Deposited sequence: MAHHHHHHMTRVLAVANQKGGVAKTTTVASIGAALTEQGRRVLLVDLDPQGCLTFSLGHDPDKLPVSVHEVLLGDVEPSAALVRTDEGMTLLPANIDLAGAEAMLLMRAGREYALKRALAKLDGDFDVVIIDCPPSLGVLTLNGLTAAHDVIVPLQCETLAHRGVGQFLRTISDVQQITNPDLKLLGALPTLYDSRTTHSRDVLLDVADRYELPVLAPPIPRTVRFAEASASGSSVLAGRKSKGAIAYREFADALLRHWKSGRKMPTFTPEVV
């Protein structure tokens, strides 16, 4: 049973890409066959895993258009994860997909061609609420929102939840919002805690545990492995994701 996890937040700089790669690595160490999908035309995930996006002969762009089979675009990573990479060509997807029926299902259609090949698919969405993020949410079974807790600035959470609700109404009724993964947690003061409590109070959004601290045997890596183990057990036995605050 392939599990597809979308990692989404229209706010940039909240450690989405780091989260995708780090959860991917932790799951791989636990024996899962992991595919990572880069849906950001800027190619941050792709670059971070050792591939120059500008030099890829093809990418997820051609895969979303149906011009290249998904298997043909996959590349390898040093840690064993498989990558469906991105480059700047993907910025053109919007103009080209808008002209076609079912633009929201392009990634879903692509992953269907790979089903059974991976235990876990993790999708790194760009910092936007356009067709690429919609493709990520439409293809996923679960979604988490990496959520910075350095500052109280969270005015985008409301529109993000509206987007989840719209997807559930129209393109993906089975999408489950697992919750927010706190990122950039600062242990120096109680401020990050207070930020998370304010978010938990104001928004219909579970705040998950543990927080990822601002940074193999590092505290950030330990927190990612702890969160990845929580994901595993949720998918294995239906255990509810532990929460930062009830």
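Trainee: Would you mind checking the deposited sequence against the model and listing the stretches with no C-alpha coordinates?
Mentor: No C-alpha coordinates exist for 1-8, 224-239, 271-273.
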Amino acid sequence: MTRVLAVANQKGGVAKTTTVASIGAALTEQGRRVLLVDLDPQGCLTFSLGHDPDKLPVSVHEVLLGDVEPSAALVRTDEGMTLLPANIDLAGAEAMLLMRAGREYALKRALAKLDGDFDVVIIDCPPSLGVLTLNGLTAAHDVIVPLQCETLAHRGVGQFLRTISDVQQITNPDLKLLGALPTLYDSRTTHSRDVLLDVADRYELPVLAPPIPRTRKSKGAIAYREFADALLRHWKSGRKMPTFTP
From here on, numbers count along this sequence of modelled residues.
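Trainee: Going by the B-factors listed in the PDB entry, is the mean over the C-alpha atoms higher for 57-65 or for 193-201?
Mentor: Between 193-201 and 57-65, it is 193-201 that shows the higher mean C-alpha B-factor.
Trainee: Got a sec? Mean C-alpha B-factor, which is higher, 126-134 or 143-151?
Mentor: Taking the mean C-alpha B-factor of 143-151 and of 126-134, the larger value falls to 143-151.
Trainee: Highest Cα B-factor in the deposition, which of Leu84, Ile170, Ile88, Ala106?
Mentor: Of the options given, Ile170 has the highest CA B-factor in the PDB entry.
Trainee: Which one of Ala101, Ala112, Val157, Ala73 shows the biggest C-alpha B-factor in the PDB entry?
Mentor: Spelled out: the listed residue with the top C-alpha B-factor is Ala101.
Trainee: Please rank the C-alpha B-factors of the chain's modelled residues and tell me whether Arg225 sits in the lowest, middle or highest third.
Mentor: Middle third - that is where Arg225 ends up once the chain's C-alpha B-factors are sorted.
Trainee: Compared with the other modelled residues in the chain, in which third is the CA B-factor of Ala93?
Mentor: Top third by C-alpha B-factor.
Trainee: Ranked by Cα temperature factor within the chain, is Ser187 in the lowest third, the middle third or the highest third?
Mentor: CA B-factor rank for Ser187: highest third.
Trainee: Grab the CA temperature factor for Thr19 from the record and place it in the lowest, middle or highest third of its chain.
Mentor: Middle third, going by the recorded CA B-factors of the chain.
Trainee: Where does the C-alpha B-factor of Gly12 rank in its chain, lowest, middle or highest third?
Mentor: It falls in the bottom third of the chain.
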